[PDB]
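Residue numbers start from 1 in every chain, and the chains themselves are labelled A, B, ... in the order their sequence lines are given, proteins ahead of strands.
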Amino acid sequence: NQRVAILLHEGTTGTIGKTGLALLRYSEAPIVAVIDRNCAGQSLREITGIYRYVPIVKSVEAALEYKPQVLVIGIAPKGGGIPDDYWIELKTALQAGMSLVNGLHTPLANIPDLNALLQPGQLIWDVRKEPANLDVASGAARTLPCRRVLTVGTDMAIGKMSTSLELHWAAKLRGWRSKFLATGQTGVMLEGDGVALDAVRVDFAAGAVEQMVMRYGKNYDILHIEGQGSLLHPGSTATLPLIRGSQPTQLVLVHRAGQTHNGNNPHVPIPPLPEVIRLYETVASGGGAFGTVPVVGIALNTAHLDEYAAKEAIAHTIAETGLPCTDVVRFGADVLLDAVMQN
Amino acid sequence: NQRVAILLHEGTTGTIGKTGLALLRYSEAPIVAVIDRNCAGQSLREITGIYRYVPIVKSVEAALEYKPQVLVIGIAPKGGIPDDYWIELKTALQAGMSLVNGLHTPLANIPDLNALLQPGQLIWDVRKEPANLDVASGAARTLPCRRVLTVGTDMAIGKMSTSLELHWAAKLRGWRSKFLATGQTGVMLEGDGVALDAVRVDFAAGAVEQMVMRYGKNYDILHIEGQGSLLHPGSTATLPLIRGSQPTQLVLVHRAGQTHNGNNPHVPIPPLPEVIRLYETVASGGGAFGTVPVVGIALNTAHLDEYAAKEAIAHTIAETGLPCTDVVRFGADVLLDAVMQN
């Protein structure tokens with residue numbers, strides 16, 4: 001219910017605002033300002049392609065005019081803790097009587113310089129803080145009656161969350177009791193609950209997923225677990241606990257049409273999709289330790305292509321893999337929901 | 001060089017003391033007392049099989065008689081710090097000892113304990129995540145050394161033992177060999193390394209990478225201690241180990257005759273060739289990374305007599321076609337050769 005200002009300097013049209021743009025694309029909260037000095041006065045729709053109006057202002061001070069109650073950090077430096085230029089914006093929000101939402105790995109709630117400026121009633125939320133009372137997972141989710149669908153990917157930042165959400169909205173539209181489960185800071189900021197898995201200690205990672213899945217599993221027909229990471233990314237781990245903790249019934253593989261190498265580490269290739277499907281299936285079944293878990297279809301991210309090319313790419317992916325496929329954001333999720341439902 | 005007392009309440013013959021029992025089995029430090037209420041006055045050899053003589057006493061206070069200088073927490077509850085641990089810790093600190101803490105809950109910045117700490121003593125939180133980690137980038141692939149990672153069909157089966165024996169066999173042969181600890185026990189035994197299970201998921205591969213890069217240009221072969229198992233439903237650690245170290249060879253560890261997971265009996269252990277395919281597939285990423293073979297099988301035959309162990313080894317060879325032996329029982333040379341000829 002609180003009016004939001006999103007700190008988004010250099011991230012509206014740049015590369016560091018993934019969180020902020022995701023919030024602008026999906027949050028039902030009343031977002032009253034986008035803070036980006038590079039885009040002040042510009043049209044959010046024209047420069048991002050998101051169908052929403054929010055004034056873009058030069059700074060937190062310029063945002064005050066819109067009376068925001070919470071400043072949400074929507075940018076993150078390429079592996080760089082807290083940049084020196086952030087503090088001024090953070091402190092300005094605090095002195096104005098605002099609360100702070102922080103999705104970064106570095107916690108801000110116990111920094112004296114910020115606590116001193118935090119006015120009564122206001123709070124600083126470190127979204128990545130590990131949930132309490134985690135234990136080791138035991139595969140208990142396999143016992144649940146609901147379907148458990150995990151989005152997996154050929155790389156990170158390709159639409160895994162978008163796919164889980166679109167699949168959730170399609171199941172809801174068709175009359176199923178559906179629930180979306182957040183597994184990253186953005187997802188948790190959107191839903192207001194879940195777990196930022198990449199900040200959980202290795203020992204408790206699977207348990208963090210299991211715990212959330214056991215909390216809602218008996219109350220829904222289908223759970224849509226937000227994917228994270230990739231087994232093709234050399235620095236990623238989070239896919240394993242997602243699979244182990246959730247004991248998925250079906251997998252949906254997300255992939256950006258035409259991508260042949262990891263984005264962060266361009267030397268690492270993306271194998272052909274049939275090989276990627278085999279990899280995930282083998283991991284999900286544990287070579288026989290767990291039940292067979294199929295990749296039921298492919299969610300192809302074609303946003304960079306014209307409609308004609310997008311359709312060809314979809315057609316090519318089906319021919320290559322022999323599985324159902326579409327761009328769920330672009331053309332709808334029913335093709336993949338059906339694939340999930342008739343498994 | 002410091003005299004060690006191991007806090008091992010309920011862990012000498014129960015299930016929570018894997019760490020202390022491994023220190024008793026492998027530590028070159030002079031261990032002067034095992035602390036366990038359940039086994040005070042009993043024979044360590046008779047109740048555990050381990051050969052070194054160490055008196056088992058009722059408490060830290062009863063251990064003082066043996067002049068211990070360091071209290072090592074060799075137990076972990078299934079939970080943070082149980083209420084019955086506090087007296088034991090304070091008693092050791094007041095008596096001028098250091099504390100070596102392998103629990104997930106850090107003890108070095110607790111006012112009450114820190115106040116009891118004397119000059120020249122410390123409280124070491126072994127599970128503290130290392131500073132300034134980055135997300136891994138496959139940098140280990142550029143190192144000229146061999147990077148051998150032990151993997152397994154379950155946890156607590158001898159992955160660390162296998163890594164150690166291969167390391168010790170390599171050192172004997174004159175090669176520049178280095179053992180890399182990846183858990184609390186191995187870090188205590190080596191004094192350095194990383195407690196992987198306490199690292200945040202995002203930086204886990206990077207914690208392994210960082211360590212491998214430190215020692216990779218100065219040795220011919222690194223022995224990365226294995227953790228977890230891809231067959232265990234709660235285990236995550238094996239992936240970051242594979243990703244961060246970019247291993248050249250894998251050595252699969254398996255307890256002879258084990259058909260199902262220990263902690264979760266409903267979960268079966270598939271035929272070894274299927275386990276091998278799983279590990280090899282994960283290691284290659286289906287083509288994203290180089291082909292990494294499981295070159296041999298380290299079989300834990302401890303629970304069997306020699307005849308049944310030799311035969312179990314032979315069955316594994318017949319079933320997998322790979323070199324195999326029990327390294328802790330018949331020498332590591334079989335598997336070291338399998339590593340070196342790949």
Side-chain angles (χ1 to χ4, degrees), chain A residues 202 234-235 237 240, chain B residues 22 26 126 130 133 136-153 155-170 175-199 203-216 218-230 235-253 279-280 282-285 289-290 292-298 327 332 335-336 338-340 342:
Chain A
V202 162
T237 291
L240 184 53
Chain B
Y26 294 113
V126 183
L133 294 175
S137 56
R141 81 194 200 281
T142 65
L143 298 165
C145 59
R146 278 192 169 78
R147 300 172 300 279
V148 182
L149 179 67
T150 42
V151 295
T153 52
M155 298 181 52
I157 60 171
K159 292 180 294 298
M160 194 190 72
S161 296
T162 301
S163 287
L164 288 173
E165 294 286 1
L166 289 168
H167 168 63
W168 299 324
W175 305 330
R176 300 192 304 160
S177 178
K178 176 76 175 189
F179 167 87
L180 295 183
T182 59
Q184 54 170 307
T185 300
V187 172
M188 294 181 205
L189 286 171
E190 286 289 311
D192 68 17
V194 60
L196 192 50
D197 61 21
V199 179
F203 305 113
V208 178
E209 186 176 76
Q210 186 192 57
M211 178 180 63
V212 170
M213 298 298 290
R214 268 207 60 166
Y215 308 99
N218 295 135
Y219 296 83
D220 298 326
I221 181 170
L222 308 174
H223 303 266
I224 300 86
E225 177 193 0
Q227 300 295 341
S229 171
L230 295 176
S235 181
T236 292
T238 313
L239 181 57
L241 288 168
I242 291 170
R243 291 285 174 275
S245 71
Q246 298 280 289
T248 50
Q249 294 82 27
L250 303 172
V251 170
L252 178 56
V253 186
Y279 278 105
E280 290 183 357
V282 166
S284 72
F289 315 102
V292 188
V294 171
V295 303
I297 295 171
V327 304
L335 301 187
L336 187 58
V339 165
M340 289 314 190
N342 181 249

- prompt: Does the side chain of B:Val208 reach to within under 4.5 Å of the side chain of B:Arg243, using non-hydrogen atoms?
  reply: no
task: Spell out, as yes or no, whether a donor-acceptor pair under 3.5 Å connects the side chain of B:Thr248 to the backbone of B:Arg147.
output: yes
message: Quick check for you: to the nearest 0.5 Å, what is the distance between B:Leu149 atom CG and B:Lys159 atom NZ?
response: 10.0 Å
field: Within-4.5 Å side-chain heavy-atom neighbours: B:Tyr215 and B:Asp192
entry: yes
- prompt: Do the side chains of B:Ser161 and B:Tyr26 get nearer than 4.5 Å, heavy atoms only?
  reply: yes
- line: Output for pair (B:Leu335 CG, B:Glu165 CD), nearest 0.5 Å, gives 10.5 Å
- prompt: Once the angle between the rings of B:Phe179 and B:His167 is folded into 0 to 90°, is it parallel (under 30°), tilted (30 to 60°) or perpendicular (over 60°)?
  reply: tilted
field: Non-hydrogen atoms of B:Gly152 and B:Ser229 that approach each other most closely
entry: O-OG, 2.7 Å
query: Looking only at heavy atoms, which two atoms of B:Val251 and B:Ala298 are closest? And how far apart?
result: CG1-CB, 4.2 Å
Atom pair CD (B:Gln227) and CG (B:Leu196), whose distance is rounded to the nearest 0.5 Å: 7.0 Å
task: Determine, stepwise, if the pair B:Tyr219 / B:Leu180 fulfils side chain to side chain contact (heavy atoms under 4.5 Å, CB included).
output: CA-CA 12 Å; B:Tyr219 296 83; B:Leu180 295 183; over 6 Å; no
statement: Interatomic distance, CD@B:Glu280 vs CG@B:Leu252, rounded to 0.5 Å, equals 9.5 Å
query: For B:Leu222 and B:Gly216, which heavy atoms make the closest approach, and how far apart are they?
result: CD1-CA, 3.9 Å
statement: Output for pair (B:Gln249 CD, B:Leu166 CG), nearest 0.5 Å, gives 11.0 Å
task: Check ring-ring contact (aromatic ring centres under 6.0 Å, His included) between B:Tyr279 and all other residues, then give those that pass, not counting sequence neighbours.
output: none
task: Indicate the atoms forming the closest heavy-atom contact of B:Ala170 with B:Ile221, along with that distance.
output: CB-CG2, 4.5 Å
query: Can you name the closest pair of heavy atoms from A:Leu240 and B:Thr236 and give their distance?
result: CD2-O, 3.6 Å
field: With B:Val126, the side-chain contact (heavy atoms from CB on, under 4.5 Å) member among B:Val187, B:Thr185, B:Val194
entry: B:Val187
task: Provide the closest heavy-atom pair for B:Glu225 versus B:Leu241 in the form atom of the first, atom of the second, distance.
output: O-CD1, 3.8 Å
task: Carefully, step by step, assess B:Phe289 and B:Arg141 under the rule side chain to side chain contact (heavy atoms under 4.5 Å, CB included).
output: CA-CA 9 Å; B:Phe289 315 102; B:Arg141 81 194 200 281; over 6 Å; no
query: B:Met211 versus B:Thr182: any side-chain heavy-atom pair under 4.5 Å?
result: yes
- line: Here the gap from B:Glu209 atom CD to B:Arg214 atom CZ, rounded to the nearest 0.5 Å, amounts to 15.0 Å
- request: Starting from the C-alpha separation in whole Å, work towards a yes-or-no answer on side chain to side chain contact (heavy atoms under 4.5 Å, CB included) for B:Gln184 and B:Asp197.
  value: CA-CA 9 Å; B:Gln184 54 170 307; B:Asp197 61 21; 5.5 Å; no
